[PDB]
Ligand SMILES: *[C@@H]1O[C@H](CO)[C@@H](O[C@@H]2O[C@H](CO)[C@@H](O[C@@H]3O[C@H](CO[C@H]4O[C@H](CO)[C@@H](O)[C@H](O)[C@@H]4O)[C@@H](O)[C@H](O[C@H]4O[C@H](CO)[C@@H](O)[C@H](O)[C@@H]4O)[C@@H]3O)[C@H](O)[C@H]2NC(C)=O)[C@H](O)[C@H]1NC(C)=O
Ligand SMILES: *[C@@H]1O[C@H](CO)[C@@H](O[C@@H]2O[C@H](CO)[C@@H](O[C@@H]3O[C@H](CO[C@H]4O[C@H](CO)[C@@H](O)[C@H](O[C@H]5O[C@H](CO)[C@@H](O)[C@H](O)[C@@H]5O)[C@@H]4O)[C@@H](O)[C@H](O)[C@@H]3O)[C@H](O)[C@H]2NC(C)=O)[C@H](O)[C@H]1NC(C)=O
Ligand SMILES: *[C@@H]1O[C@H](CO)[C@@H](O[C@@H]2O[C@H](CO)[C@@H](O[C@@H]3O[C@H](CO)[C@@H](O)[C@H](O)[C@@H]3O)[C@H](O)[C@H]2NC(C)=O)[C@H](O)[C@H]1NC(C)=O
Ligand SMILES: *[C@@H]1O[C@H](CO)[C@@H](O[C@@H]2O[C@H](CO)[C@@H](O)[C@H](O)[C@H]2NC(C)=O)[C@H](O)[C@H]1NC(C)=O
Ligand SMILES: *[C@@H]1O[C@H](CO)[C@@H](O[C@@H]2O[C@H](CO)[C@@H](O)[C@H](O)[C@H]2NC(C)=O)[C@H](O)[C@H]1NC(C)=O
Ligand SMILES: *[C@@H]1O[C@H](CO)[C@@H](O)[C@H](O)[C@H]1NC(C)=O
Ligand SMILES: [Zn+2]
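Residue numbers (the deposited numbering), protein chains in the order written: chain A, 19 to 615; chain B, 332 to 527.
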């Protein structure tokens with residue numbers, strides 16, 4: 019009848035009663051996210067309020083056990099979680115009010131629509147309407163209209179919501195003894211009570227900023243090189259020392275420069291590494307895509323997707339009729355129900371994203387065995403990294419020739435390697451300044467360093483300063499351009515994409531030793547490598563039972579994140595860009611903007 | 332006597348019992364062709380212990396028992412001699428050396444309804460483990476603390492029965508499997524069950 023024995027029993031009783039109620043909440047949230055109606059929001063609201071009231075009930079019990087008396091840290095960590103108070107602290111009105119705010123933004127993003135000025139009866143959603151424009155259009159004004167109208171007609175709707183969202187999210191965080199909501203989010207990386215492996219929430223900022231400074235020179239030359247090619251694409255619209263206009267970047271916010279490959283390819287005469295045309299030419303559908311991703315994980319010893327996956331997942335836009343959150347989401351609903359929601363198109367982009375969000379699923383499956391509260395990635399960065407391990411191997415030309423998307427005569431040469439490296443760089447390098455900048459803006463807004471008065475002022479200052487991107491149209495404080503992105507608007511921490519980008523090369527480095535691939539790291543393609551998969555698996559099955567600092571060392575041999583593997587990947591491109599830019603400016607001035615005054 | 336065994340009554344039953352209160356029916360005065368069971372091939376798990384099925388057909392007993400109940404898929408592994416876990420500790424314990432057979436099949440289409448089927452229970456807590464073939468249906472509130480419970484749930488006081496949640500969408504491990512455990516007995520009394 020010791021305290022530790024009582025807590026084990028109390029967690030066990032919790033783990034068994036908890037599973038179904040979470041499953042119900044997941045199951046209702048699935049209905050809304052697949053099919054936005056007013057009714058499904060009510061049902062989703064009820065399921066989550068039922069689950070929240072359960073936690074508040076258990077939290078009250080959990081808070082009665084003296085935390086410090088628990089010896090085994092695996093048990094101690096579960097008990098610690100159950101004492102959190104979470105959102106229960108919010109008064110009932112303030113609690114219902116924030117839930118209503120979040121649902122209103124969630125719907126606005128996925129169902130907001132801007133109508134054509136010449137014809138007001140033809141209106142366009144974000145997906146597929148506006149995303150397609152930003153991803154394949156070569157006309158400046160068309161891209162400008164899509165970019166600006168989405169910000170002005172939808173972003174301005176989100177502004178008064180985000181304002182009150184910050185206030186309530188701050189209330190809740192500071193009541194759980196965090197310094198702001200940004201602190202709460204950073205607590206995901208926190209490690210406590212483990213000698214030599216602890217990680218302070220403050221340490222995360224130091225590391226992100228310290229690592230970032232080593233990325234700047236690579237990015238600057240990528241930036242300088244893209245601006246050079248862009249200056250030919252859009253003749254009179256680009257300054258040779260200025261920042262890049264935001265709407266010319268390849269997608270809606272310039273998060274991934276991927277679609278700029280067509281304008282920025284180094285060697286156009288060499289066969290195309292963008293297999294989008296081959297996929298279309300070979301009549302691939304989304305079924306073929308996910309089956310080729312399933313086939314991949316199996317090649318390294320991982321399991322097939324469950325029958326319930328193929329049965330219940332939404333892998334194509336349901337149609338005009340049913341209104342769905344078209345953003346790629348990977349779903350662990352509990353009780354062995356795994357699903358993917360993604361409005362797949364026949365592109366190399368979606369082909370690679372299928373491997374990404376399916377890697378997400380494999381991780382969910384691997385740690386299914388853990389006790390309820392430990393079913394989760396080691397940290398947000400780990401989870402968002404497993405898929406990009408695969409995306410790294412799948413995108414390689416050797417793998418693409420392997421699955422028939424490249425002609426069987428195509429053989430690699432140096433121009434081919436550069437082409438591949440450049441495309442990988444547009445996706446992977448380009449997002450790092452974008453990602454870091456955004457999260458810094460939120461952390462400053464949440465902390466209170468940016469007043470409500472200067473949100474959009476300071477936002478675009480940092481876009482020019484850090485990302486090297488300028489707005490094509492001056493935006494006053496009626497806007498809320500951060501909220502126009504899925505993560506900002508749907509309440510998801512974004513720093514998880516920065517850390518995952520450093521993680522994925524550390525993991526790749528350790529896996530290409532396990533497959534004993536010799537050569538440069540950018541030709542790895544771990545496939546048919548049971549030895550590699552088993553090394554990766556042995557870390558996934560742990561879930562969150564071990565601190566990520568430890569689990570990361572178990573694979574790569576590193577207590578912390580490092581950029582050396584990332585820069586070693588792109589090293590051959592790095593020297594190449596330096597030589598291409600010898601007669602071009604590198605860097606930018608914050609002052610030039612593509613408009614008056 | 333040449334009455335074929337009412338196996339169809341147990342294996343094809345409209346409804347099965349919750350595992351914590353498993354249901355056993357005695358088969359008497361009957362001729363049992365055991366091969367026709369394995370030759371239905373519907374079953375996912377069909378393991379026999381302490382006897383060979385081939386030899387089992389040409390063999391007589393004073394009485395045969397069939398214990399039926401339902402549990403989760405990944406919990407079927409606990410219906411085997413010398414096993415530990417939530418089911419074999421507080422619900423249905425087979426002896427370590429056991430003569431009998433364990434039969435199970437996926438019951439998803441039958442016992443899981445949309446929205447959830449909760450009528451299926453399982454014992455979650457008990458003071459001590461079950462002896463083999465012991466059966467417990469006490470509804471007294473488990474007490475984990477020095478503080479008494481007064482017959483109600485509360486702090487360190489948990490109602491000992493939990494409810495299974497079966498939806499069609501669950502993973503195979505969480506899906507409902509139906510289990511039939513075949514006991515044989517030999518008394519100082521005339522055998523009433525044989526094969527051809
Ligand atoms: C991971 O592991 C899988 C499984 O091993 C690999 O998939 C195999 O890939 C190889 C080659 O890609 C397949 O082998 C065969 O390749 C033939 C290519 O022809 C040859 O080219 C020249 C001559 O043209 C020669 O040097 C040499 O013979 C080459 O093999 C294909 O044309 C064959 O396809 C034929 O299959 C049937 C069988 O007779 C014929 O009827 C057809 O008409 C067709 O022509 C043949 O398939 C091998 O089959 C693949 N295995 C599987 C199970 O699919 C992956 O490549 C590997 N991945 C990585 C990254 O290593
Ligand atoms: C996307 O989500 C939307 C959600 O709005 C889905 O649209 C719904 O689709 C379902 C399909 O199952 C419809 O639900 C059905 O409604 C039937 C209506 O029946 C009426 O007559 C009955 C007379 O016997 C009466 O019982 C019934 O309800 C009343 O009594 C109930 C208690 O008995 C009570 O709970 C109700 O509140 C009400 O008072 C109706 O008057 C019903 O017979 C069916 O059993 C079933 O429930 C919804 O109507 C749809 N919602 C709409 C149209 O707004 C849509 O399908 C989803 N998309 C996809 C692809 O699935
Ligand atoms: C539980 O019920 C199922 C049926 O719902 C039983 O399976 C059935 O077994 C009988 C065996 O006599 C099968 O009948 C056979 O049909 C052929 C048809 O050509 C006939 O020629 C044979 O002589 C024989 O009579 C029947 O088809 C079969 N049904 C199904 C759907 O498989 C099952 O045996 C029952 N379980 C138990 C333990 O009794
Ligand atoms: C979570 O909220 C509860 C609200 O009850 C807090 O419990 C209270 O704590 C304060 C200070 O310790 C006391 O004045 C109250 O008496 C407590 N509650 C009750 C019911 O008496 C709890 O402190 C909060 N969580 C944390 C970590 O502080
Ligand atoms: C994963 O699923 C695939 C696709 O269903 C399986 O491939 C089939 O395997 C069976 C027998 O193993 C063959 O008869 C089929 O022709 C295969 N292709 C199909 C059905 O399209 C594969 O075996 C599964 N792998 C694992 C490990 O379960
Ligand atoms: C690629 O670069 C190597 C580096 O040593 C160089 O020697 C060679 O010219 C190139 N290989 C080709 C063109 O096949
Ligand atoms: Zn992801």
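Ideal placement from N, C-alpha and C gives every residue a C-beta, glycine not left out.
What in chain A is Cβ-close to residue i, meaning under 7 Å?
i, result
"residue 385 of chain B", "Residues of chain A passing the Cβ test: none, with the nearest at roughly 34 Å."
"residue 351 of chain B", "The contacting residues do not exist; residue 351 of chain B stays about 14 Å from chain A at best."
"residue 475 of chain B", "24 and 27"
"residue 423 of chain B", "Ordered by position in chain A, no residue passes the 7 Å Cβ test against residue 423 of chain B, which lies about 18 Å from the chain."
"residue 489 of chain B", "31"
Under 7 Å between beta-carbons, which chain B residues line up against residue i? List them in chain order, please.
i, result
"residue 34 of chain A", "455 and 493"
"residue 330 of chain A", "500"
"residue 82 of chain A", "486"
"residue 381 of chain A", "Per Cβ cutoff of 7 Å: no residues; residue 381 of chain A is ~15 Å from chain B at best."
"residue 79 of chain A", "486"
Return yes when the Cβ of residue j is within less than 7 Å of the Cβ of residue i, no when it is not.
i, j, result
"residue 456 of chain B", "residue 472 of chain B", "no"
"residue 396 of chain B", "residue 514 of chain B", "yes"
"residue 604 of chain A", "residue 342 of chain A", "no"
"residue 587 of chain A", "residue 504 of chain A", "no"
"residue 418 of chain B", "residue 402 of chain B", "yes"
"residue 461 of chain B", "residue 424 of chain B", "yes"
"residue 412 of chain A", "residue 373 of chain A", "yes"
"residue 59 of chain A", "residue 121 of chain A", "yes"
"residue 355 of chain A", "residue 496 of chain B", "no"
"residue 522 of chain B", "residue 391 of chain B", "yes"
"residue 595 of chain A", "residue 439 of chain A", "no"
"residue 567 of chain A", "residue 127 of chain A", "no"
"residue 292 of chain A", "residue 416 of chain A", "no"
Under 8 Å between beta-carbons, which chain B residues line up against residue i? List them in chain order, please.
i, result
"residue 324 of chain A", "502 and 503"
"residue 19 of chain A", "475, 476 and 477"
At a CB-CB cut-off below 8 Å, which residues of chain A make contact with residue i?
i, result
"residue 496 of chain B", "37, 38, 41 and 353"
Where the beta carbon is closer than 6 Å to any heavy atom of ligand 3, which residues qualify, in chain order?
-> B/338, B/339, B/342, B/343 and B/371
Does the pairing of the segment 548 to 556 of chain A with the segment 434 to 450 of chain A give three or more beta-carbon distances under 8 Å?
-> no
Can you list, in chain order, the stretches of the alpha helix (DSSP H) that have 4 or more residues and sit fully within the segment 332 to 390 of chain A?
-> 366 to 384
Tell me, please, whether the segment 473 to 492 of chain B touches the segment 404 to 418 of chain B by the rule of three or more beta-carbon pairs shorter than 8 Å.
-> no
Taking a cut-off of 6 Å, which residues have a beta-carbon closer than that to any heavy atom of ligand 2, in chain order?
-> A/53, A/55, A/57, A/58 and A/340
The segment 19 to 29 of chain A touching the segment 78 to 95 of chain A, judged by at least three CB pairs closer than 8 Å | yes
Start-end ranges of the alpha helix (DSSP H) lying completely within the segment 452 to 519 of chain B, minimum 4 residues | none
Do the segment 104 to 119 of chain A and the segment 389 to 405 of chain A make contact, defined as three or more Cβ pairs closer than 8 Å?
-> no
Chain-ordered list of residues that sit, by beta carbon, closer than 7 Å to a heavy atom of ligand 6 | A/431 and A/432
Note down, one range per segment and in chain order, each alpha helix (DSSP H) of at least 4 residues found wholly within the segment 503 to 576 of chain A.
-> 504 to 507, 514 to 532, 548 to 558 and 566 to 574
Go through the residues and name those whose CB comes closer than 5 Å to any heavy atom of ligand 1, in chain order.
-> A/420, A/545 and A/546
If you scan the segment 388 to 444 of chain B from start to end, which runs of the beta strand (DSSP E) of 3 or more residues do you find wholly inside it?
-> 394 to 403 and 431 to 437
Three or more C-beta pairs closer than 8 Å, one from the segment 277 to 289 of chain A and one from the segment 450 to 466 of chain A: is that the case here?
-> no
Report yes or no: do three or more beta-carbon pairs, one from the segment 404 to 424 of chain A and one from the segment 49 to 60 of chain A, lie closer than 8 Å?
-> no
Ligand 7 site residues, beta-carbon cut 6 Å against heavy atoms = A/374, A/375, A/378, A/402 and A/405
May I ask you to verify whether the segment 526 to 537 of chain A touches the segment 204 to 213 of chain A, counting CB pairs closer than 8 Å and requiring at least 3?
-> no
Say whether the segment 345 to 362 of chain B touches the segment 256 to 272 of chain A, bearing in mind that this needs 3 or more beta-carbon pairs closer than 8 Å, one atom from each stretch.
-> no
Segment contact flag, the segment 417 to 428 of chain A with the segment 211 to 230 of chain A, C-beta cutoff 8 Å, min 3 pairs | no
Where in the segment 448 to 487 of chain A do unbroken runs of the alpha helix (DSSP H), each at least 4 residues long, occur, reported from the N-terminal end onward?
-> 473 to 480
Taking three-plus beta-carbon pairs below 8 Å as touching, is the segment 136 to 149 of chain A in contact with the segment 465 to 480 of chain A?
-> no
Touching or not, the segment 514 to 529 of chain A and the segment 301 to 311 of chain A, by the rule of three or more beta carbon pairs under 8 Å?
-> no
Can at least three beta-carbon pairs, one atom from the segment 92 to 102 of chain A and one from the segment 380 to 392 of chain A, be found at a separation below 8 Å?
-> yes
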